[PDB]
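As the structure lists them, so they are numbered: ligands from 1, and atoms in each ligand from 1. Sequence lines set the chain letters: A, B, ... in the order given, protein chains first and strands last, and positions in each chain run from 1.
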Amino acid sequence: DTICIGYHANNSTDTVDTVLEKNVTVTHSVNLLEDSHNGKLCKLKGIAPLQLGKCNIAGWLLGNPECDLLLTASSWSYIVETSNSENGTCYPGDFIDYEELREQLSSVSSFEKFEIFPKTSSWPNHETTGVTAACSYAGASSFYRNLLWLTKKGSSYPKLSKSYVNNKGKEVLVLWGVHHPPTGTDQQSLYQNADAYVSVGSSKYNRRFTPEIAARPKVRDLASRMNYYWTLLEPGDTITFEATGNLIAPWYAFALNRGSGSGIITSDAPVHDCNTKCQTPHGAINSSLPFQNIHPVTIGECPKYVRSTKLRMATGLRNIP
Amino acid sequence: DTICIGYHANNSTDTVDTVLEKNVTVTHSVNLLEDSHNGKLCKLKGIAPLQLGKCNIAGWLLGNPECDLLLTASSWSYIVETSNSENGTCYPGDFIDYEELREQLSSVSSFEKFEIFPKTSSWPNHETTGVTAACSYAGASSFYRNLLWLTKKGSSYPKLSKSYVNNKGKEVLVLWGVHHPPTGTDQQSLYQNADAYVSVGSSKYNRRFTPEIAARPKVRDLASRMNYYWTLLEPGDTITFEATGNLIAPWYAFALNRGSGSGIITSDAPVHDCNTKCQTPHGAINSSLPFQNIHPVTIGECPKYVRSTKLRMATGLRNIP
Amino acid sequence: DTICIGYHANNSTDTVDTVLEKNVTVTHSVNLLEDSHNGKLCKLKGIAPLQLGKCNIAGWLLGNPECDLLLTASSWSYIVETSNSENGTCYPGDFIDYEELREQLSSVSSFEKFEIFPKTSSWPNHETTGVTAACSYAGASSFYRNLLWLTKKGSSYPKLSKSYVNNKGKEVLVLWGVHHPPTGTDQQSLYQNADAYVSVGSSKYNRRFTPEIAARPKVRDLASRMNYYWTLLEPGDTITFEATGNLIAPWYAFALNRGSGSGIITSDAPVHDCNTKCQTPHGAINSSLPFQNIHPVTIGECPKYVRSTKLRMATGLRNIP
Amino acid sequence: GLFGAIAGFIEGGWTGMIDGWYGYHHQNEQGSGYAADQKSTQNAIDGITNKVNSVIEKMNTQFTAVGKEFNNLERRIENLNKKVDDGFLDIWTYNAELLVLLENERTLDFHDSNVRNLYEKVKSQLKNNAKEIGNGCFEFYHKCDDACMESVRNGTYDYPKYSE
Amino acid sequence: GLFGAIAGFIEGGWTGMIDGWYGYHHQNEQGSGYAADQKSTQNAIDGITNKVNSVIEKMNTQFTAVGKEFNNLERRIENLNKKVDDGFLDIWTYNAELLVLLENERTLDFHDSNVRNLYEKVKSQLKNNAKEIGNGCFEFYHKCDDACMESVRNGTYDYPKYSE
Amino acid sequence: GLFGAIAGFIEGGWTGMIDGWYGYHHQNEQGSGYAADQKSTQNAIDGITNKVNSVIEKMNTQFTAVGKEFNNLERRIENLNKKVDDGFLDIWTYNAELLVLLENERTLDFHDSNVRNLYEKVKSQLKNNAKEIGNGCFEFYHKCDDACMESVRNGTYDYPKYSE
Ligand SMILES: CC(=O)N[C@@H]1[C@@H](O)[C@H](O[C@@H]2O[C@H](CO[C@]3(C(=O)O)C[C@H](O)[C@@H](NC(C)=O)[C@H]([C@H](O)[C@H](O)CO)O3)[C@H](O)[C@H](O)[C@H]2O)[C@@H](CO)O[C@H]1O
Ligand SMILES: CC(=O)N[C@@H]1[C@@H](O)[C@H](O[C@@H]2O[C@H](CO[C@]3(C(=O)O)C[C@H](O)[C@@H](NC(C)=O)[C@H]([C@H](O)[C@H](O)CO)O3)[C@H](O)[C@H](O)[C@H]2O)[C@@H](CO)O[C@H]1O
Ligand SMILES: CC(=O)N[C@@H]1[C@@H](O)[C@H](O[C@@H]2O[C@H](CO[C@]3(C(=O)O)C[C@H](O)[C@@H](NC(C)=O)[C@H]([C@H](O)[C@H](O)CO)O3)[C@H](O)[C@H](O)[C@H]2O)[C@@H](CO)O[C@H]1O
Ligand SMILES: *[C@@H]1O[C@H](CO)[C@@H](O[C@@H]2O[C@H](CO)[C@@H](O[C@@H]3O[C@H](CO)[C@@H](O)[C@H](O)[C@@H]3O)[C@H](O)[C@H]2NC(C)=O)[C@H](O)[C@H]1NC(C)=O
Ligand SMILES: *[C@@H]1O[C@H](CO)[C@@H](O)[C@H](O)[C@H]1NC(C)=O
Ligand SMILES: *[C@@H]1O[C@H](CO)[C@@H](O)[C@H](O)[C@H]1NC(C)=O
Ligand SMILES: *[C@@H]1O[C@H](CO)[C@@H](O)[C@H](O)[C@H]1NC(C)=O
């Protein structure tokens, strides 16, 4: 009797927006917006992030005594800090170009700590035993594990000269410090020489330091200050330390091969053995879709961040059951 | 007997552009582009901007004698400078991290000037009377209102130590200066000590200054120079000044709560009691439309700047009377 | 009898992509993507680029002996360095604010090199002949052409004082250097004065330099270092040099009017006489189309760079022969 | 016109019709006049209103101070800052210009479609009871008064009554 | 509807047809049932699949660390950095919102077009051998069995055979 | 095709017609040949020309040096700079790729629409003086000579003349 032309309908409650009409019910649709995450900090490109425990990057690099090493990994795809990374420079002072260093260490494919200037054999003419209550471990005065405090031996502080040649076949991160006594008497008590200087040089690096002696508000019960410096020593190059005083000497340094393009995430979300191509501070997200509203600051190959709560694309047609 | 299907027409001369055809006359249309302004500098977030009159920010903070002091409101949403703000540092020299400071003051609540080191009681062992013809007021040699020039009293300049503890419950902006004589003789005549230094420190801030003595051209008839420094002292923290010479000491300082996300406008447009969500150097504009061609550099919640002279959207249809 | 309605067809194999279907063959199409370049470095704004040959910008400014045969125009729209620009600072050390200077010289409209402190009349009591094997030319020890190495004449290095007043009616770029011997013996051997200083001042510039004497890894067989400084001297201003040693003195300086908005191109492509609105390191490109896949780094008024290999716009219709 | 009605087989608009975008002109013994179809007009107004509001409201903004101040040793980051502002300028200008061009085309097409749909809606219900002239009018084969004309406009038109 | 079929002269959809987007319902003395048109349905699916894939796959992604750290003397470049992220945020939010709004409209239009094309495709071959009611149906003036119905759905329907 | 003519009920194009995009093929006793419709072709050419020019000319930029140089203690602002260049690159690549996809679709739709509009205009004036095959042709029921053929193309075709 009759044949009829028509179209599909179903029980779908899916809605989309169109330029002419809001909230149109369609038979089929797809989501273009990634609105969920797994609540975890995951491995990026198959590689776990660096976890610092109780310490921030400065505390970790300088060897703050509160940083117990789990034999920290030899590589990381990015770095995680938490609300618990408290233990920094325990001796008060400035860490120079600290943000630059954090950025340049954000990813590495190889990382090793090694003893650059062995405590026992390196300083025959100087005292190595200096400690402070400001850096304490197990209820006793102590010092950074990766640096050595050089003071005068027997009323004398001769001019020291110490060089390291980088045969590691990769960059060596060398950190050191310069101590600034509160008074002239203390300067003399420690280094003997009021005129003391510190000189550090390589092929690409040249800098001279002199003691700044001043009384200053006590921080961790210290009116003195200790400033921290670093350089990345290129493979094959040499670094030379020369000092008549105030040098807080490298003990351990770090040989490493830098990656690039990574960064630091600050989050208390738990680190897991999961894998992601895109990490956010809230958690990892799937990277398949073009847009995500989870977080603007991300690391990985990530969907573009948008404020949209809903982006839904009609595939099927108007649903009219 | 007939019935006809047809469409609307009117006397509208409104024209729009289409991808297929230019200059199509339509019955109705709406404007997407904000091309006008009110020629005024208005309040942002319900608050008037800071106006500095004859002075720039440096002159105001330091208390250049030509600038009207104490007149600052306790809050502002942004800062206005004019073609007439000429009065800066009347004593020639460098204002260090000046742009940073301007940025940090761009919006503030709870702003107050106060006397951090009262002239009469703070320095019994040094002369406070130093002035210069370079900063003149009322036909007499004078100086910055917020700083003090400390020189030796009776051939001697003893070691000074002065501390301020911040009990104000908000940030304290402390400004000071370091004087740089042209010659060694001037150095001795003023401060007695050739080896003189200035040290300034707090919990988070440590810096040492020494005079840099060099022959150099007269500026505002002065061969000497004076450099200006500042820091933000946190609530509860202490700042300590130590000097054997050359310190241009804080007299007045500033307590404040910094805002964020604001900026500085340079314009000669008059300030009024009007309110706007978007301020431009030419004047305020409505923020309702998505685009504006008035000016690329704005402060507020603003339409996107475009080069377009015309963006007009067809609503009604082709007008064919 | 019959009449038929139909559409055009041809042998055109041109294909385009559409949102519904890939690789549609159409009768007519136009290219929106600039996919070709001319393989030449051309003039921008009617003006040729500066080409430095064997030298980088540092070598050119300092007058590295390998840069003598360069012929510099009085103006350039941008600067070209090549893979062959190796000849820099041959005496090892730091060039201060080097990236900034390169940026600010990227375009210039009136450039003249002139003799700021004539070699013959300026230094009667100091030796001007100092050279080094590190700056060797044609196998013989040499030095920068635009600076003079001042050493002691006979047994003494008296205090020198030299001022230059800028009568050029434009900015004058002044470069100098400060030498840092490895040992006190060398310091004494060159300048005799262990306590030596260098002082430089102008209306905007105030600095005193002292030699930093330290042993350092050898670069080009030199354990010493030489640092390079510069300033733009405003019209009418004066710059004054005073030294008891270690000054590498200005010989030639540069009067110029800085342009703006340009930059530096690194390319091995030949410079030719031709004009473009858009220059890339691979070559000049047509600026007519909105997009280009030639190179991400451009100078000019340029099509937007895209990763697209193909952007082809259908003009005609579906081709169905 | 994409749908071939406006400036199509219907060549011009009616200044006589003030109450809507689309509508009817009727002439019978009882009189004449223009009457706008409110259903198709109000839907068109709703659609276009939504489009305009979408273009305006979808724009999201935060409080921003665009300007930055740099000293004479900061030229590189000053120009970085300028590159940002200029890049945004190129993007927003291009997208705004093209968005308006493209959507104006679609808006006019939309009206062209609505007229045609209305025309075919009336033509469908009248069937052979009237003849189609081709200018968008229909000559009736029967008598249609103001009550009958309203039935066509209302979509309630009764075909079998007038079957003639 | 732009093409006037969906929610058009065809007022509603069929929950009864589960195997496709567009299709046929036939009723004769021999029985009734729904049948989806396989040609037009798969063509639409191919097209929409390409559109969705285009929107998703044209997006380019490289490894990027968005975050940056600045100290308390770096406020200016910190806010410059923020201006970049927020500017990109404004651009992508706006373009994504409008792209979805605009293309959802076009997708619905596409379906409306496909239905109308099918309707007129069947109407073309049937000619006067059937009666057009409205509503998307056709009353045959002859007897059409399941073999005849299948010829209509394939478009192989034989007109000269049924006279009348 | 959205409008269903091109690759629609009109199945293929004419290599024989060299003088336009759309046109006519006529067969009578006096002869046969192709003739392009100048009105619809020229309107389309004007429109597409405007579209292409719009996409090209709306792009405006200032003199810019993209490259920047940073030292090894400037890594952060170097990567900021890189984020800017790469962000602009992502935006322009995505928008350009989609702009071409979307507008190519519309251009083909535009041509498809023009053919149908032309087809229905001829069908409108011919009415029952010719029979509609469904392949895009019309068999005349009367004599159509070159003067008659031209009247159809010119839109001046007179129906009552040929009721025969
Ligand atoms: C050089 C010296 O011993 N000076 C004595 C003052 O330090 C001392 O004043 C008090 O010192 C307290 C800090 O003491 C230590 C510490 O940091 O724990 C003791 C450490 O053994 C010592 N380390 C070394 C290698 O000598 C360390 C060091 O002197 C400073 O860190 C150098 O700046 O000091 C605490 O800060 C008190 O607030 C401070 O007043 C006085 C009084 O006992 O005697 C001085 O001889
Ligand atoms: C230390 C001193 O008195 N030096 C004398 C030179 O100043 C003087 O050179 C003349 O100095 C003129 C400026 O004199 C003042 C000023 O700034 O107006 C006078 C002020 O009382 C004095 N202030 C203080 C606290 O001492 C001020 C100060 O010394 C300098 O500004 C600091 O450098 O100097 C002016 O520049 C003339 O152009 C200049 O010739 C010479 C010659 O008379 O004698 C020096 O003893
Ligand atoms: C002043 C002088 O001649 N001093 C002698 C030292 O130069 C020499 O140390 C050796 O110097 C080697 C390089 O010497 C040159 C050079 O080519 O750079 C020779 C130049 O004539 C000399 N230039 C000037 C103006 O005097 C130059 C200069 O002294 C250095 O640049 C110093 O900064 O040195 C090479 O570096 C060797 O490694 C180094 O040992 C010692 C040898 O004991 O004798 C000194 O008299
Ligand atoms: C590593 O970080 C921890 C903090 O999580 C440090 O432990 C404690 O830090 C608090 C500050 O929140 C110190 O408080 C101070 O205590 C002294 C007396 O104990 C008092 O005089 C001060 O006014 C203030 O209240 C606390 O001393 C400190 N505890 C210890 C055992 O030092 C820890 O010091 C950090 N360690 C290193 C090596 O950085
Ligand atoms: C990403 O992994 C798969 C593949 O897209 C998907 O099923 C999953 O839901 C995504 N991850 C999350 C957390 O949604
Ligand atoms: C700025 O103030 C100084 C004195 O403090 C005065 O010499 C100068 O004239 C003032 N500015 C102008 C433009 O006059
Ligand atoms: C912006 O201008 C006024 C604000 O005074 C507002 O009423 C108006 O609606 C806005 N402009 C447009 C085009 O909406």
Which protein N or O atoms sit under 3.5 Å from any N or O of ligand 3? Give atom names and distances.
| unit_1 | atom_1 | unit_2 | atom_2 | d |
| --- | --- | --- | --- | --- |
| ligand 3 | 17 (O) | C/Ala133 | N | 2.6 |
| ligand 3 | 18 (O) | C/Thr132 | OG1 | 2.6 |
| ligand 3 | 23 (N) | C/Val131 | O | 2.8 |
| ligand 3 | 31 (O) | C/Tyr91 | OH | 2.7 |
| ligand 3 | 33 (O) | C/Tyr91 | OH | 2.6 |
| ligand 3 | 33 (O) | C/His179 | NE2 | 2.9 |
| ligand 3 | 33 (O) | C/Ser224 | OG | 3.1 |
| ligand 3 | 36 (O) | C/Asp221 | O | 2.8 |
| ligand 3 | 38 (O) | C/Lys218 | NZ | 2.8 |

**Residues, nucleotides or ligands: over 12 heavy atoms within 6.0 Å of A/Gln192 CD** = yes
**Message:** Quick one about A/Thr183 and A/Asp186 (side-chain donor to acceptor, distance below 3.5 Å, no hydrogens or angles considered), yes or no?
**Reply:** no
**Request:** Using the salt bridge (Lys or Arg N to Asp or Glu O under 4.0 Å) rule, collect all pairs that involve residues 126-146 of chain C, keeping only residues at least two apart or in two chains.
**Result:** C/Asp68-C/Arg145
**Item:** Option among C/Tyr144, C/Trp176, C/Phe209 that satisfies the ring pair (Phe, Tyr, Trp, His ring centres under 6.0 Å) test with C/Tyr228
**Value:** C/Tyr144
**Asked** Taking the six-membered ring where the residue is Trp, are the ring centres of C/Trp149 and C/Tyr91 under 6.0 Å apart?
**Response** yes
**Request:** Sort out for me which residue in A/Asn206, A/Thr240, A/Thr238 forms a side-chain hydrogen bond (donor to acceptor under 3.5 Å, both in side chains) with C/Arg216.
**Result:** A/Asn206
**Residues forming a salt bridge (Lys or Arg N to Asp or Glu O under 4.0 Å) with C/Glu212, sequence neighbours excluded** = none
Enumerate, one pair per line, all nitrogen or oxygen atoms of ligand 6 lying under 3.5 Å from a protein nitrogen or oxygen, stating the separation to 0.1 Å; write 'none' if no such pair exists.
| unit_1 | atom_1 | unit_2 | atom_2 | d |
| --- | --- | --- | --- | --- |
| ligand 6 | 2 (O) | B/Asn87 | ND2 | 2.2 |
| ligand 6 | 5 (O) | B/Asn64 | OD1 | 3.4 |
| ligand 6 | 7 (O) | B/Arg220 | NH1 | 3.1 |
| ligand 6 | 7 (O) | B/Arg220 | NH2 | 2.8 |
| ligand 6 | 11 (N) | B/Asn87 | OD1 | 3.4 |
| ligand 6 | 11 (N) | B/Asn87 | ND2 | 3.1 |

**Message:** Between C/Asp237 and C/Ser203, is there a side-chain donor-acceptor contact under 3.5 Å, judged purely by atom types and distance?
**Reply:** yes
**Prompt:** Taking the side chain as C-beta and beyond, is there a heavy-atom pair between A/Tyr164 and A/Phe241 under 4.5 Å?
**Reply:** no
